[PDB]
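Participant: Could you work out the structure for the sequence below:
(7 chains)
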Amino acid sequence: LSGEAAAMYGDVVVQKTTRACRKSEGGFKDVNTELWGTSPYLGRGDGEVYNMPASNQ
Amino acid sequence: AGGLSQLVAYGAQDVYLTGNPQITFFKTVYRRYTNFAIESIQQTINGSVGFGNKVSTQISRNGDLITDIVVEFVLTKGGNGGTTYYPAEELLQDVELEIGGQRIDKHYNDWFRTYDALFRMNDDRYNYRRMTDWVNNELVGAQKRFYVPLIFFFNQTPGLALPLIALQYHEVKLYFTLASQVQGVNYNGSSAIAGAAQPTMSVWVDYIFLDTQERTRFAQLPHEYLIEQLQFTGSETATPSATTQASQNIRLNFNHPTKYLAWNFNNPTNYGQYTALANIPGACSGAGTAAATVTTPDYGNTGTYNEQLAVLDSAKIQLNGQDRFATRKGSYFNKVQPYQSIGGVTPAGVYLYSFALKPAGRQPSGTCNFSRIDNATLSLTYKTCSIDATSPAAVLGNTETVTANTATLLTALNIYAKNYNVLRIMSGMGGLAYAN
Amino acid sequence: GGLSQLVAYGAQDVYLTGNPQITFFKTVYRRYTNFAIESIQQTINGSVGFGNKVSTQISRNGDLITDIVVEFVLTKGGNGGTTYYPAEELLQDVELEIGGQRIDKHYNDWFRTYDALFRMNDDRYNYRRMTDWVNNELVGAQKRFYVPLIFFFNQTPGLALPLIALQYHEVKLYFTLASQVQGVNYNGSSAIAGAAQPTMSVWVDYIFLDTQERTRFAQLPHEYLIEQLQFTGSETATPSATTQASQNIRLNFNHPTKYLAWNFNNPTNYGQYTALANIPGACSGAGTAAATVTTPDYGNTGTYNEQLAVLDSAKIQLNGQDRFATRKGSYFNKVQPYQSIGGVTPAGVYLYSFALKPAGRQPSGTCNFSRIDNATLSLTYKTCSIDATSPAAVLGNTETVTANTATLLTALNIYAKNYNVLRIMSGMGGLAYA
Amino acid sequence: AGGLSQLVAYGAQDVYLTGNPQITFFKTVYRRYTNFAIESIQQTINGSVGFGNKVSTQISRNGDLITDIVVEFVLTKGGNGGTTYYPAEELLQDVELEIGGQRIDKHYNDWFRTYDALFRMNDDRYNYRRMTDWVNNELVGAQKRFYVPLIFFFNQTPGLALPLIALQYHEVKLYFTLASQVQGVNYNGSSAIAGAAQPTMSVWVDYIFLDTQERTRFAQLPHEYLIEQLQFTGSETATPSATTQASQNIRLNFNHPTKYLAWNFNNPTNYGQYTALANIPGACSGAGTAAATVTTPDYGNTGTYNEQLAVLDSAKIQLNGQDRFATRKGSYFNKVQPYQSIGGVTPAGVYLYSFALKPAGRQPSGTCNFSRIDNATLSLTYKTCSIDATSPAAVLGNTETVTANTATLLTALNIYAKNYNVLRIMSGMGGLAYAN
Amino acid sequence: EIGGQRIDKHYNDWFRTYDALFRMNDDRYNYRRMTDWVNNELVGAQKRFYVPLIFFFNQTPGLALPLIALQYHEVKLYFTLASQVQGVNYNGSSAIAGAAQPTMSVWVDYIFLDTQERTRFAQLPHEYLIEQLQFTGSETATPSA
Amino acid sequence: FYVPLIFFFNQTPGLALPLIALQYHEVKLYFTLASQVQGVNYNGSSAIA
Amino acid sequence: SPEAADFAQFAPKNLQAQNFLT
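Facilitator: Numbers count the residues shown, from 1 in each chain, chains lettered A, B, ... in the order given. Next comes the structure:
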């Protein structure tokens, strides 16, 4: 490499870090997701949500 | 010199090939996809597991769509090497796919072997057996864990994965009937094997997890999936012994746009026997020795490719009083139709006639709509079963239209139709659009 | 479980899942023109028999034709292991003619070559099942055989031959049946007394189209991109002993060529593309005292041991300039079909492609021999010094030598597959470049 | 009569198949392509060729785009029939791709065997074996030319061809590390073979020559390719002796979007042994007679399909301390995963778990990016090594959770990750977008 | 698990470790009484045993798992039974001939609330501060001399 | 054995040779080995078999 | 009708069913 093609080198050829930061002071602070069923069955289940007084009676 | 010579050798008739280029083969472009994960999760099985029992599972609700389903068995065989023949597939006798109280599909013991006899056509067929049989000359007492994949419309391609997220009010269930007799494990032919253990089974489902944006779209929007059903009834034949060349008109009971009709002939005593037994190598127990018998197979080599042990002489399909095509000889449906349509090799005794250019695929490619045909009949002509099965001099040296006398035992007729339907899912409920 | 992976998104993932184009779990299928397939028998003109020439004219039962299957019924004249694809050997010459112009012409030897190069594991087994006796059948066995054709419209529906669009010109299939078929009516060169003549029938599979597409096919012009096979026979130059002969064979090809394939054979024994030797499967009686190396093990004439091959090295030269540096025969037998096809080719059959995917139809690179003044194929032979009868020498030697029995291979068959254009309009068809 | 009788059988069930057609299966349209020629040209190898030596090859610019590279060896066999097992693979212990001083990929001899054993299939795998081994009962003194096709990101498809024309400033090298021991050529086990010849080595590169307009486009415009990488570090196994099923927790060290994890258990004393040896057919030198010595393989049959000689009983992968899936046993990873994801056969001792729907494809189909996982682990349970390898009754007839006592030789643990990365090319230079 | 999604899993050694750590003197003896033979019982004796679980919601009513509020998620327990059970099925590594297969039953204590608070439990969102167990097995190197 | 070289750029970072700045030159190292080396190929003038 | 169209580069066709006969 030479000239402008050499200047470009850091952005074109040199590798970037995906493991940007370790566990301490961040790093893996954004890998927590809520463990929902992802397709709950809303048949037998969908009683108490809307018609709850009937179940008490 | 070099490849440059080929490039300068450019002519007028090349304008049909490289003039005004449209594609460059050396710049592949990929489409970016929706973020997802695949997980294998165990299902809950209700009912005692054992020979002849029927158990079922309600599909656990984790993830959004499901793709493949693998039914696990652990078996120990009481027979010696070569006494088994796909025991896993014989045990998995019937599998029903049910969405909301209405059944879509039901697969049978023999269908799993017939499908394998037609559509798997390389190392997948061998690995398939590796999963479902003993293939290393294992001895008495060997224990093996078996896998039997299901081949419903949503099992072989992610494109038809069953969207559980979209099925908010209809339950998804599977029913599994287990065989009462499994060769080499609790019976040797019809003789019980004392001390045979009951199988242990598990049903595992592969779940697809979509990200947040996709989950809302799948949960709220309606869906229309193009799906495949299997339609099936068992029947009988009248295979003759000597001097008679029989023919039968088998009335078919099918509807909906059908990709193909596959069929075979069975001796119900043995699982997967589609040909006669004869005293030729690999065809029957003890074959080639003084102890050879043609009443008992060499079970591990039950399937063969020698069509002279098969009973079908010729066949045609007749629709509404008109022949659909001219009569063809049995070897046509065993070797040529699967050549043209699948490209694999079909063992003797298993026959296929396609209506589709590529019945192995999912993209529709020609169908016979049996919902707009009133009378569909399969005409079968049989070989005369006059050859002494115990004499290899005759079994390996006879004419086209005669087969082994032991062939008259192949009295059960199995005709399988695979056709299209549409799975519509709206406001949490799914079901079939066309019913007949 | 899976959600632990689903959330594991970083900057590097933008290239795979950022602003998606494709959803894998909601597939869309194409709706298609309604059609039906029917197998209809054709009528054969000329007496059927060994060495006879017969022909058939394809009746217009349907709109398009694709698969054509020729069937023979044969009775084997010998015991097990005496035949080698006897239906393929019998179907010596088949040529396709449209309105008096020859489109393509295939030979029994091309069909085995095609099988050697482009048919895969279970497909070629099935092909053998349709063409040979594979179950150790004994003398007197009768079997019905099928030999599918591989003309340009025979393997893919996309090139189906539109008889509907050829209202005024006939399409014919001419056949010449071999006079000698190993194990059926001859054993080697010796006649088998009482051998029966074949029963022959030709089937064509017709496509019936729906109303709107048949109208379009019948009325409008069409441009079909088709393949042709070019062939003429050559002689080999296999050495006697102590030397590696060179041979410069002048090529007689025209048109954009996908590949050049060739073999060396014994014209008396169908499928014998290598030297014979006193090792298992390499000659009649191999391994015991009755072994002879001038007669093949007819049920097993093909092998994968290139040690018995005649070709040491070859190169393709264009206008006096080498197209590439010299390669050994093992390259043309094993590496080219690995790179271009993906199957296994047995010893004695060689391939060099100009195309990335010669197994498919979508054009992927050609050598246009209508613009090359002098194209040659330069061969180097192996030294025929190995004593074929001594397993210690047959299985224990170097690269540059072959069997003394290698000299039995006298025919050099060089094949080329090219592109052409079949123009159909006004009810008549013909080639764009003749 | 005939097919017309099917066309009239048109109804409601056709509205979604043949109603308002978009395609016709009989009018194919071919795309016109940029004119190119393929040429194979031999490169200069720098260094001494011999066993245990390291050489390097610079790919000279004799073309515009690079695709397949075949490494050529000539070897002389020092043993007889069945004494070798893919010598061409064993000899090339590793090869790495370097573009402008930056390493892109590195493959190892064991991985090549794993890929050939796992991804390549039946006739293609046999053809490959013909290129890398002696498969025709050859005897001592024979010598042959072997071809080891390389499978870097630009080797399996023209679509990912490496554009040297666009790398005006970046030379591309392959560094080849050759073996000190090759079974059946230099050693029989640990015993040196006197008079063994050194190999002849050549590295051949398939160059693409383009037409003028495309050469310019490639020479000046920027390009980005989505390329495959291999990540690997070798570690050690915990195979037990007796009465226990060993538990080993291996922390994984992989970065970037992953297609799959594949692994085996290797005997470091010989190339390609992924199972225990036993006095049964193909699993032992002298198998079947009194001379059988279960410490020495029948090399030509080293690969087997009998999982009872495999040592993995179960495994699960963890991501950030959470189980990725519920524990599966080894027969799942050996049989079902390759069935589900590629459709071929995986021999015993080779295991695959995919994160992708089609790991054999070029288009991304689901990935696990370990860059956002702090501690990824593989939790692996072994089989109890209690079978007496010399007694076929115990080898072919024992239970599910045990294997041969000879299993303790599989002391090397090899876990591979197949990944994706981005290759950025412009201004005469290029390299990997992402580190680690 | 809750609706197919796991929260916690306990192992026979965790139970023993817990009993070893967190129970008191008088309580630990009652635990022994319902899990083992403590009265010099001889061969052939048969007893009913009770193994209470120590998941989060088994330590206090305050973490009671609200089925009324988890109406979309079935609550499941998977029970893995050991093959090596000292003194019942095996004695050391040797099989005991004639050992009986265990007979098992799972009893669940249900809380029934009155209409006022039951309504509140179904309607209102809830957060529970619960505990789980993280565990993998390891091999250790214990030296001789 | 590990024989270091002592060229002007070998023993100090200060004169490190800037190959990036030499894009139009090759840099080569020629290593000539002795025909006779004491105690490994020859002992004095006598060859070691 | 399933006969060939009027516009083409191939002129020598003989349209049938519209002839004066003899």
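Participant: Wait, a strand at residue B:125?
Facilitator: No. Read with DSSP: H, G, I helix; E, B strand; the rest coil, residue B:125 is helix and lies in no strand.
Participant: Need the nearest residue in space to it, chain neighbours excluded.
Facilitator: residue B:116 (6.3 Å; Cβ to Cβ, 6 or more residues apart in numbering or on different chains). Where C-beta positions appear, they are placed from N, C-alpha and C, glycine not excepted.
Participant: Just want the phi and psi numbers for that neighbour.
Facilitator: With angles defined as degrees, to the nearest 10, residue B:116 sits at phi -60, psi -30.
Participant: go on, residue B:175?
Facilitator: Residue torsions, per degrees, to the nearest 10, at residue B:175 are phi -110, psi 130.
Participant: Can you give me the distance of it to residue D:85?
Facilitator: 47 Å (Cβ to Cβ, to the nearest Å).
Participant: who's in contact with the residue nearest to residue B:163 when sequence neighbours are not counted?
Facilitator: In space, and not counting its chain neighbours, residue B:163 is closest to residue B:65: 4.8 Å by Cβ to Cβ, 6+ apart. Contacts of residue B:65 were listed using Cβ atoms under 8 Å, 6 or more residues apart in numbering or on different chains, and they are B:154, B:158, B:161, B:162, B:163, B:164, B:165, B:207, B:208, B:210, B:218, C:25.
Participant: now residue B:126
Facilitator: Taking Cβ under 8 Å, 6+ apart as the criterion, residue B:126 is in contact with D:122, D:345.
Participant: try residue B:120
Facilitator: B:128, B:344.
Participant: got it, and residue B:155?
Facilitator: Neighbours of residue B:155 in contact, by Cβ under 8 Å, 6+ apart: B:67, B:68, B:69, B:149.
Participant: Going by neighbour count, which residues of the strand or helix carrying the second one are buried?
Facilitator: Yep, that's residue B:68 we're talking about. Element membership for residue B:68, per DSSP states H and E: strand B:65-76. Neighbour counts over strand B:65-76 (16 or more other Cβ atoms under 10 Å in any protein chain shown) mark B:65, B:66, B:67, B:68, B:69, B:70, B:71, B:72, B:73, B:74, B:75, B:76 as buried.
Participant: Of those, which is the nearest to chain A?
Facilitator: Minimum distance to chain A across the buried residues of strand B:65-76 is 8.4 Å, recorded for residue B:65 (Cβ to the nearest Cβ).
Participant: can you count the residues close to the residue nearest to residue B:125?
Facilitator: 22 (other Cβ atoms under 10 Å in any protein chain shown).
Participant: Please report how far it lies from residue E:29.
Facilitator: Taken as Cβ to Cβ, the span from residue B:116 to residue E:29 is 61 Å.
Participant: which residues does the residue of the stretch 201-350 of chain B found nearest chain A bridge with?
Facilitator: Sorted by distance to chain A under Cβ to the nearest Cβ, the residues of the stretch 201-350 of chain B start with residue B:209, at 5.9 Å. Beta-bridge partners for residue B:209, by DSSP bridges, are residue B:37.
Participant: And the strands in chain A?
Facilitator: A:16-17 (DSSP state E).
Participant: Tell me which residues touch the closest residue to chain C within chain A, please.
Facilitator: Residue nearest to chain C within chain A: residue A:33 (3.9 Å; Cβ to the nearest Cβ). Contact partners of residue A:33, counting by Cβ under 8 Å, 6+ apart, are C:3, C:4, C:6, C:7.
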